[PDB]
Ligand SMILES: Cc1cc2nc3c(=O)[nH]c(=O)nc-3n(C[C@H](O)[C@H](O)[C@H](O)COP(=O)(O)OP(=O)(O)OC[C@H]3O[C@@H](n4cnc5c(N)ncnc54)[C@H](O)[C@@H]3O)c2cc1C
Ligand SMILES: O=C(O)[C@@H]1C[C@@H](O)CN1
Ligand SMILES: OCCCC[C@H](O)CO
Ligand SMILES: OCCCC[C@H](O)CO
Ligand SMILES: OCCCC[C@H](O)CO
Ligand SMILES: [Cl-]
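In the deposited numbering, the protein residues as written are 9 to 548.
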């Protein structure tokens, strides 16, 4: 029998599915999420979230909560190699070199928060916004027809139930039920190496003393691996490899064998070790050839598995959720055509390919197997995560505008179409407001001081297309009043690419520039031009 319907069914309740639920619910889209596990993750995989992801958590309403939960990890500022935690230090450096001078580009910083503490924050936020989260519930099969998707659900309580949606968003991980049902092929290097993550309890306070590490590379004759200690210094995760080609297998990782390895990594006799969880995983590079299959969308690790060297995977998946959610909201609202959904593939798949390659390059670099060309190809994590340029029907390039790389120095992009609309602190009323805090719900049009023709065009297009558009003139200095944003520094038009006083920029709900005009329309047809821009972007 039926167990309901909703515009969107989300499969998977890890970071990408929970993020999808939050962003859809924030746009007022009713969704149901199914997660086979009885609750959120027991074994944390992700720990590091780059500043763009911090900006996306702020849009989600959970960044401040995450930063408060992470306050113990805030001191873990050093990456190190050691023989053991008790033993000799082999190298020591900063975890993210210039985390300290990001302030010109973003108000966020590197966030270190284990995944098992971030997921509950997203879960509680999704529930507050009205998402229907069904844990202990597995998607078994589905079928698409011209009007929707019918899913078969198993909550273990005997019999299966059907669910009917308009869209199915597969956030169901590297072995995606949905991707495999659809027989979507994946490209890339495939499986490179086999690993186990060993979550452990051990009192490390006497061994670490006052030292606090982000990540520790351990190398001694008994164990080679990565240790990440927790904020209370009473446990962590030891990540090791094994080689089936040498007769090693997962079966080898008994509790006793895991405790031996953790003890060897800690290096202090008499340290009592508790094994909390053993998480097997493969180091892999595999990207789906397409992320949109009619009414079925692939997001996160269902769409792309990247080598975890560089910590890009959850960052990339949360940005996928953020890209798709506003698009499904506008299609479900009847304000956009279904072509807008296809742009999820056009925009996120090339990022996924680039990011998967970056993970692979980091792995080559750390493995000492990197050619001089592969070394030169490694990008800054802020370039990978903040420097993206989209090409799709939801981006309208300037006539003179040139084709941008998939990712490049974010400091140079200066609000080009398809890139992140820059962070500028402006004034509204008596408050400071970030450009970033204007974005996340509606289209936003920001104009120069003399941009009233573009403002008028936004008011007209809003009525004509049934679309809310926030439109403001940005006025340099502090001599500004109601209906404007003040730009005390006079930085805004330069940071947005040298917009003239009559110029304008149109920002999508995801904070990506859709379109800009340096000045007035040459033909004085601002109203017709902005309407045509929005019709193209909205696939109508
Ligand atoms: C050791 C390690 C370290 C990492 N460190 C970082 C890091 O620091 N930063 C970072 O950004 N990323 C990191 N990553 C990557 C990150 O963990 C993943 O990219 C991320 O978890 C993917 O999220 P997801 O929601 O797409 O998939 P998953 O986390 O794989 O979750 C998928 C969910 O779907 C559920 N599911 C599957 N099939 C079904 C079904 N049929 N019905 C219902 N539910 C289903 C599963 O139970 C699971 O809970 C790391 C990964 C590893 C392995
Ligand atoms: O669920 C289990 O079987 C164990 C219990 C805890 O140690 C975490 N994992
Ligand atoms: O570096 C420690 C990894 C050992 C793997 C294990 O020995 C498989 O049998
Ligand atoms: O408890 C240590 C923090 C979590 C680390 C994570 O498990 C690494 O994948
Ligand atoms: O003099 C300070 C100006 C405040 C700006 C105004 O509130 C624009 O919205
Ligand atoms: Cl990763």
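Where a beta carbon is used, it is the ideal one built from N, C-alpha and C, also for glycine.
Around the beta-carbon of residue 56, 16 or more other beta-carbon atoms lie within 10 Å, marking it buried. Here residue 258 is exposed: its Cβ has fewer than 16 other Cβ atoms, across all protein chains shown, within 10 Å. Check the Cα spacing between residue 547 and each of 347, 99, 501, 354: the tightest is with 347. Under the DSSP assignment, residue 294 falls in the beta strand (DSSP E) whose first and last residues are 282-296. The DSSP-derived three-state label of residue 161 is strand.
Using a Cβ distance threshold of 8 Å, residue 427 and residue 433 do not count as a contacting pair. In this structure, the beta-carbon distance from residue 495 to residue 483 falls below 8 Å. Put simply, the region 202-218 touches the region 46-60. At least three CB pairs are less than 8 Å apart. In the structure shown, residue 110 adopts coil according to DSSP, grouped into three states. Relative to residue 130, the option among 232, 66, 185 whose CA is nearest is 66.
With contact defined as three or more Cβ pairs closer than 8 Å, the region 254-273 and the region 140-156 are not in contact. At a Cβ-Cβ threshold of 8 Å, residue 126 and residue 33 do not count as neighbours.
The set of residues with any CB-heavy atom separation to ligand 4 below 5 Å comprises, in chain order, 52, 53, 55, 122, 236, 238, 244, 245. A residue is called buried when at least 16 other Cβ atoms come within 10 angstroms of its Cβ; residue 230 does not meet this threshold and is exposed. Note on geometry: alpha-carbon atoms of residue 340 and residue 154 lie some 15 Å from one another. Comparing C-alpha distances from residue 100 to each of 186, 225, 181, 284 shows the shortest one belongs to 225. Taking all protein chains shown into account, residue 328 has 16 or more neighbouring C-beta atoms within 10 Å of its C-beta and is therefore buried. Less than 8 Å divides the Cβ of residue 443 from the Cβ of residue 430. No residue range can be given for residue 179, since it is assigned to no alpha helix (DSSP H) and is classified by DSSP as neither H nor E. Within a 10 Å sphere around the beta-carbon of residue 161 sit 16 or more other beta-carbons, which makes this residue buried.
Cβ contact annotation for residue 212 (same chain, cutoff 6 Å, sequence separation greater than five): 237, 241, in chain order. Residue side-chain check: residue 320 places its Cβ nearer than 7 Å to a non-hydrogen atom of ligand 6.
Excluding residues up to 5 positions away in sequence, 152, 156, 157, 174, 175, 176 lie with their Cβ nearer than 7 Å to the Cβ of residue 303 in the same chain. The beta carbon of residue 398 sits closer than 7 Å to the beta carbons of 355, 426, 520 from its chain, once the five residues preceding and following it are set aside; these are given in chain order. DSSP, reduced to helix, strand and coil, places residue 376 outside both helices and strands of the structure shown, so it counts as coil. Distances between the C-beta of residue 290 and the heavy atoms of ligand 3 are all 7 Å or more. Counting along the chain, no beta strand (DSSP E) covers residue 330; the unbroken alpha helix (DSSP H) around it starts and ends at 321-340.
Taking all protein chains shown into account, residue 46 has fewer than 16 neighbouring C-beta atoms within 10 Å of its C-beta and is therefore exposed.
DSSP places residue 479 outside any alpha helix (DSSP H); the residue lies instead in the beta strand (DSSP E), whose first and last residues are 477-484. With a contact defined as Cβ atoms closer than 8 Å, residue 393 and residue 58 qualify at about 4 Å. Here DSSP, grouped into helix, strand and coil, assigns residue 153 to strand. Residue 249 has its CB nearer than 7 Å to a heavy atom of ligand 3. For residue 13, the enclosing beta strand (DSSP E) begins and ends at 10-19.
Taking C-beta atoms as the reference points, residue 133 and residue 30 count as a pair closer than 8 Å.
Residue environment: residue 481 is assigned as buried (16 or more neighbouring CB atoms within 10 Å of its CB, all protein chains considered). For residue 314, the CB falls within less than 7 Å of some heavy atom of ligand 6.
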